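# A look at the structure
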Amino acid sequence: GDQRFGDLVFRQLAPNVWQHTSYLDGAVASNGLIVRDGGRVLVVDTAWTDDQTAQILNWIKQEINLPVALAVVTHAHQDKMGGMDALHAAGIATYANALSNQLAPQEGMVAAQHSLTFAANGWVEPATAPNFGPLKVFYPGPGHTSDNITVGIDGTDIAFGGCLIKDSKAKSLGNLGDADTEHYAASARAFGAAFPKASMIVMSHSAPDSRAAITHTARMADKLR
Ligand SMILES: CC(C)(C)OC(=O)Nc1cccc2cc([B-](O)(O)O)sc12
Ligand SMILES: [Ca+2]
Ligand SMILES: [Ca+2]
Ligand SMILES: [Zn+2]
Ligand SMILES: [Zn+2]
């Protein structure tokens, strides 16, 4: 039951949640989310490119036909922020970790329009995340990158680890070029603790998994110290 639109694949995960998948040209998949929140849609992560991100927005108009209120992007790398210009051109309010916005020029990304900040416990400072509906934004600590953030969807089973979390069969932690090898394991575990009842763990580079993806990721990362 996956749907294709252009270069993008969509999979419904829950009545009001879909995974978007885009490919960097041997094609490399990256996943984000689409959430229907009453009369408005919320997006987590861009596609790799502006043209792919415009395809997400066009699919949403065709299949859901509700306005896209805002997008949260989960770190300043191309798979998650490559399509910022497309979001801005479409009039979608964009939010990213302050640190992602600060790193964005140095990582070749366009900054979001708004900065999220976080408490010492990892939870977003709520005044920086106005009207986020069911999206619960959590900074787990440095791991895949220093700026990586994660998102749980309230009212559902379903938390999004972005590029921090790898699937439970993985043999590696992917691209570690910008990683914090010392703190990674703790950050993975902190994600798990933040969303303790999430049973469907969505991530950037594998299909959705169980909580096993969290504990497996942390076990791998333990060996990086
Ligand atoms: C090493 C493999 C995964 C085979 O190839 C890539 O890394 N693809 C990418 C190309 C350009 C840019 C990027 C950024 C990436 B993130 O997952 O660290 O956000 S991946 C990636
Ligand atoms: Ca661009
Ligand atoms: Ca870099
Ligand atoms: Zn990355
Ligand atoms: Zn990635």
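Residues numbered from 1 in each chain as written, not as in the entry; some residues may be left out. Chains lettered and ligands numbered in written order. Heavy atoms only, no water.

This entry lists X-ray crystallography as its structure determination method and reports a resolution of 1.37 Å.

This part takes up the coordination of the calcium ion (ligand 2). For the calcium ion (ligand 2), the full set of protein donor atoms is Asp50 (OD) and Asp85 (OD), at a range of 2.3 Å. Note that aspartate 50 is positioned in helix 1 (residues 50-63) and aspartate 85 in helix 3 (residues 84-89), a separation of 35 residues in sequence. The exposure class assigned to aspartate 85 is partly exposed, which follows from its relative accessible area of 41%. (Donors = N, O, S within 2.8 Å, 3.2 Å for Na, K, Ca; no water. Helix = DSSP H or I, 4+ residues; strand = E, 2+ residues; numbered from the N terminus. Buried < 20%, exposed > 50% of the residue type's maximum accessible area, 1.4 Å probe, protein only.)

With that settled, consider the site of ligand 1. Taken together, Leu24, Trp48, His75, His77, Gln78, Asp79, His144, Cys163, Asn175 and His205 make up the full set of residues adjacent to ligand 1. The contact in question runs from an oxygen atom of ligand 1 to an N or O atom on the side chain of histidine 75, over 3.2 Å. Residue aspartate 79 places a side-chain N or O atom 2.5 Å away from an oxygen atom belonging to ligand 1. Here ligand 1 loses 59% of its free accessible area of 510 Å² to cover by the protein chains. (Near = heavy atom within 4 Å. Polar contact = N/O pair within 3.5 Å; in protein donor to acceptor, adjacent residues only side chain to side chain. Areas by Shrake-Rupley, 256 points an atom, 1.4 Å probe, with all protein chains shown as cover.)

Per the UniProt entry, the sites bearing "binding site: Zn(2+) 1" are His75, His77 and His144 in this numbering. Spanning 70 residues, the named residues form one tight spatial group whose C-alpha atoms are at most 10.5 Å apart. Position of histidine 75 among the secondary structure elements: in the loop between strand 6 (68-73) and helix 2 (78-81). Beyond its immediate chain neighbours, meaning those up to four positions away, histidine 75 contacts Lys80, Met81, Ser100, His144, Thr145, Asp147, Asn148 and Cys163. Setting aside its immediate chain neighbours within four residues, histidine 77 contacts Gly82, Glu107, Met109, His144, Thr145 and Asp178. (UniProt positions renumbered as here; feature names shortened; annotations may be inferred. Contact = heavy atoms within 4.5 Å.)

Turning to the coordination of the zinc ion (ligand 5), a few remarks are in order. Ligation of the zinc ion (ligand 5) by protein atoms is provided by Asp79 (OD), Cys163 (SG) and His205 (NE2), these donors lying 2.0 to 2.3 Å from the ion. Relative to the metal, the 4 donor atoms surrounding the zinc ion (ligand 5) lie at angles of 93 to 132°, and the coordination shape comes out tetrahedral. Here the zinc ion (ligand 5) and the zinc ion (ligand 4) are spaced 4.2 Å apart. In this pair, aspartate 79 sits in helix 2 while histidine 205 sits in the loop between strand 12 (200-202) and helix 6 (212-222), placing the two residues 126 residues apart along the sequence. We classify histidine 205 as partly exposed; its relative accessible area is 35%. (Tetrahedral: all angles 85-135°; square planar, octahedral: opposite > 155°, others 65-115°.)

At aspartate 45, a position not held by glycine, the phi torsion is positive, near 75°. As for its placement among the helices and strands, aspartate 45 is situated in the loop between strand 5 (40-44) and helix 1. A relative accessible area of 0% places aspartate 45 in the buried class. Even without being a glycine, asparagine 65 presents a positive backbone phi close to 60°. Examined against the element boundaries, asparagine 65 turns out to sit in the loop between helix 1 and strand 6. Given the relative accessible area of 45%, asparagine 65 is considered partly exposed.

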